Structure formats: structure tokens, C-alpha cells
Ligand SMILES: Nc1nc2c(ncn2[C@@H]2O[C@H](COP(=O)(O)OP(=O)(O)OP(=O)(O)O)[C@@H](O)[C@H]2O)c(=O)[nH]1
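Okay, so here's just one chain, in C-alpha cells, the form solved without the named molecule.
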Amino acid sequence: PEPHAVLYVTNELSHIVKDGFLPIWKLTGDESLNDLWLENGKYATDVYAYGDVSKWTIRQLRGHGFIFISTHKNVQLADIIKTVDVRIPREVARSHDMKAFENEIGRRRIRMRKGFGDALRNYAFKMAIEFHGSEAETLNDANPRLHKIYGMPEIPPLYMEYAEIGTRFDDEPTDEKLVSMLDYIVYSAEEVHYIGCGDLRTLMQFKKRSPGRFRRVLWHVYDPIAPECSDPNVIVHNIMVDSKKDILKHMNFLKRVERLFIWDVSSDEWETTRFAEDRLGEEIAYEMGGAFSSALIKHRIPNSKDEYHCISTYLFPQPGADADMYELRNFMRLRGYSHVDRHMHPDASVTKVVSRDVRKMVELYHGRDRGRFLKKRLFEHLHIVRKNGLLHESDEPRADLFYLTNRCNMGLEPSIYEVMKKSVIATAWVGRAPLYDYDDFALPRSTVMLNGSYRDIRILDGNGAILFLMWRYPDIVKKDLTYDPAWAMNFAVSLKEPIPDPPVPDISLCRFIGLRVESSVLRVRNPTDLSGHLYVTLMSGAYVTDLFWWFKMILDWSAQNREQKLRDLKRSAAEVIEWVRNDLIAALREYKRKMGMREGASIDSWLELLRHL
């Protein structure tokens, strides 16, 4: 709604800014701490800034909403040599185009969102087993042998029983069909038996594009014309496969493994031949259910037969395949050890298939300019347990990133807050701006604050949350992190992190940029200073900070003694940007008196906490 970034530019760039429409802030070395706070608070949109910032720390500037823009690689702060957030190209300078400049900021700004989400997700991989609302981004960074990845991803085009097709979706080009094949099927299997591997160029391109999951897999590759492979995890068989026996002998049963069976067999007047090969791969796989978690079989659609049968779980289109390529892939979910619970996918069984509807699929989804989003969706569908986060009761520590306040969850605040009470890390959208390429509804900030904060649950806005993690987990979230503080501030974040001790007033907790303007805006619009501070912060709907920690910092810490309290700030490795019980309860009473029903509990909860503690 109101959070803004300070778009800071270096000197060589400063002149272009002056001729724009956003406001301009000229510093000037000194600037005391309080100067910045009262100056920055005057601005209600994003603002440009230039001049000397070198005596300020990164976290101080981030608490202000600073984004660093320059032609140069970095800027010298008081703390670190900070990597430039937005690097303005030479040609962009220079032609002095104010529009191209701003579009440069904006594009790089959209790219920085990933940095914000990734920092939160990395903390979550360190602290959680369960992941809800997941998609390819989570799978990609997950240890499939430890993490459990759940979600409700957009289901791809499939075929069973049954039938549905389309509807059609817009799509983009991707990798060549056969490496794309490995792309969506390879995720949790430790061992792959690949029959009909060919010349291995396909496998070697997978190694090149995906070093990680290639290396973690043991590859048994079968083909009479297969060349040598000096890769230690590629065991090469020049055997022609006609029975399960050819595969059983290259297995170690005395050790537990998830195995995947991949069949791409084809040969050199008709091709009832091609049919008996596809059927064979399926049959071999079915016989070997119990040893294999899953199978992917080559599936060419016959020309003569209008209907026919096969052994399948799903049949789907192939990403990167040609428009005229009348071939699908047969996914078979089997029994056999697996790091992913795929029980929701029906056991592979005998399936009737009408050529015509399987003919449409090709025509709807294939094409050398299609496949990118198909590939994504196949990947997510095969490898994520379909579960509704709000309805799932868990035994393991869980993470709940970027899904709660998706529009599909509208009007389900109770169960949303129920997640935020127990999640290790959860996010909720609170942004009120009107607010593009993002389809979430906003939770009222004051409600979040009042419901979210517990002894064990830390509740902060996105930027606060990051600054907290910078401070508490220095190599989970580095100081040098490129991210957009305004963006971060569209989210509330809850953390399973104990109140700090001493309960110091760190930036993560206390920024309150714009508070003075907000009190005036409250008074000229809806009228009724430590008590006024609380009443304004809540009533403004502009802030998300942690009440529990804040109440702890106010009473237990602050008086105190100026000297012996910084000291406990030093020490705490904490910084700031600013240098009673009956007052706080007066604020809360005034707040609930201005709005009952629409809140609050909770409120009474904090009220009956302050008058006891």
C-alpha cells in the first residue's frame, strides 16, 4: 500500500533522476541517524536518492528500503562492499533516456523477487521436512531423501479411463524431446535402468544440462549399439532385452533403492512390430513391479487400430516433440521402494484407449515451439504429493511459503492463521497496492500482528524477516543478498524463532518508516508518545512487526540504563535507526474501541497479558 523502496543511485547517474516524476532525496554526509528516519518518512511513493551513504551499514540502509543502482559493480558502505542491486548498462546511461532507465530498474526489480523467496526457502530447507503449496522451484532445491514436498500444482494433459482433453494452454520451446524426457521423469530415483538408450548423446546432454541429478543417479544403460562410457555411474550393456531376466541380474537386492525403469526400444511390411515392443516394455515393467517405483514407456499410437489396450497409469504428450509426431509416453506408477509417496497415482493397470482422443492430444500439445510449461507440469505432477496445506495435519516440522493467500483460499483465514501458528516459516500477502502480476488477497496487517505473534512465533513483514535472518543466521542469509525491500514488505512472515535475549530493539523489529505522516493521515481522516506509537502502528494498517518481542523490548529492557543497554546491543551484534504498561493497555483499548467484531480477540489476549505478564 505504502511501503516504498529508496531507489538509490550513484553519482554518475544522479543527473538523469532530477528530470523524472518520482521525488528526489538529496543527502549529504550528515545526516544523523534521526535525519534519515524523519526524511525517508516524508515519502509516500518510491523515491530516488543520491549522495554519500558510506557511513551507513547495509542492514541500516535495507531497513530504510534502499536499492542500489549504478553503472559500477558495487558501492562502498560502512559495513561491507555491497554488490550493486541494479546494474545500469553503459548504453542505457547515456543516451540519458529517463524511460529506458526506469524500465531497466523495473525489469531487474521483477527479477529480484526470486532472491527474496530463495532466501526464505533456503532457511526453510535447513529447518523443515515438509513443504506445502510446492511447485518445481521447491523440487529443484530439495533433497528427495529427506524433504517431503506437497502442493496442488496445475495438472497436465493426461489420459486414462476416463478422458478430459483439452483444454489448451499457451506454451514455449524447450529442450529436445529425449533430454526433456529425462528432465521431468528423473527426480527421486537413485538407479535408472534405461533400455534402448541409443548412442548416449541424449544421456550426455542430461549430464551437461543437469550435472547434479545426473551424478546422484546410477545409470544402467542397455543397447546393442551403445558406445563406451567412461562415466563411473554409467554401466553400459550391449545386450538386447527380451525378458526381465536381462535386468534382474544387474540389480543389488540386499540394499534398498528407488529404481526407475525407462523403455525407449524401437527397430528398423508393417509395424505390429512397434506395437509388440511398446507392449513388451510395459509387461517387463509390470513383472518387475515391486523392484521399481515407476516406469516410463515409449508409446507410439497405431494407425490401423481405432481402439486397443495397454498397461498404464497415465499417457501424456511429449515436450519438445514435433507436431506430426504421433507418440506419447506411458507413465506407470508401480509398487517398489520410493522416496516419494505416489500412491495417489493409480497403480498401473490395463487401459482401453481410443486412438482419436489420443490423436487429439498430439495435435493440441506437440510442436517444436511447445513444451516448456508442459514439461514443468509433468515434473510437478509426477513428483509432488497432492495435498491441501490447510487440511494436512503433520508430524514433521513444516514450511508454508507463498501460497496461503492465493485467491483459491479466500475466506479461510482461521485455517490460514492455524498454519501460521505452527509452521516453521510461512508467508501471507498484506500488500494493498493494486498490484500487478500477483493474484493474492491481502490479510489486514493489524490482524496479522494481533493473531500471528506468540512466545514461539515471530511475526514480521518480509523485509524485517530477512533482516532478522541476516542477523541470526549469517550464512543462511548473507548481508550481500540482492533483494527488493518494498517487495518483501508486501508479505507478512511468521518464523518458529524464539524472542531474542536480551530482547534488543533490532532493525528487524523496528523501522516504522513514515510513522509521523501516518499519524497525521489518521488524525485528519479518522480521529479518536509510546502509547500513540502503538495505536498509530496498528490503526494505520501500514506495518507488520512482532508484538510479543516488542512488548518484551519495551518493559523488560529500555529503561533500563542508556549505558548498560548498548552494551547489550553490541554484543547482540544488533543495530538500530533511532535513539508504560498502562499506556500500552490504553492504546489497545482505544484500538478495539474503534473496531470490535472486525477483530480483535486479542486485543483482550494482549490486554490480559500486559496486566499480568
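All residue numbers refer to positions in the sequence shown, first residue = 1.
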Checklist line | Where residue 579 meets residue 580 in the shown sequence, the number of deposited residues left unmodelled | finding: 10 or more
Margin query: If I compare the deposited sequence with the modelled residues, how many are absent between residue 268 and residue 269: none, 1 to 3, 4 to 9, or 10 or more?
Written below: 4 to 9
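Below, we refer to the form deposited with the named molecule bound, which is not included among the displayed structures.
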Notebook entry, point to check: Just one of 512, 454, 326, 214 has a heavy atom within 4.5 angstroms of the named molecule in the deposited complex, so which one?
Noted result: 326
Margin query: Within 4.5 Å, heavy atoms only, which of 335, 352, 359, 168 is in contact with the named molecule in the deposited complex?
Written below: 359
Checklist line | Partner-facing stretch of 441-449, 296-304, 454-462, 93-101, counted where any non-hydrogen atom is within 4.5 angstroms of the named molecule in the deposited complex | finding: 296-304
Next item on the list: Look up in the deposited complex whether residue 274 has a non-hydrogen atom within 4.5 angstroms of the named molecule, and give yes or no.
Entry: yes
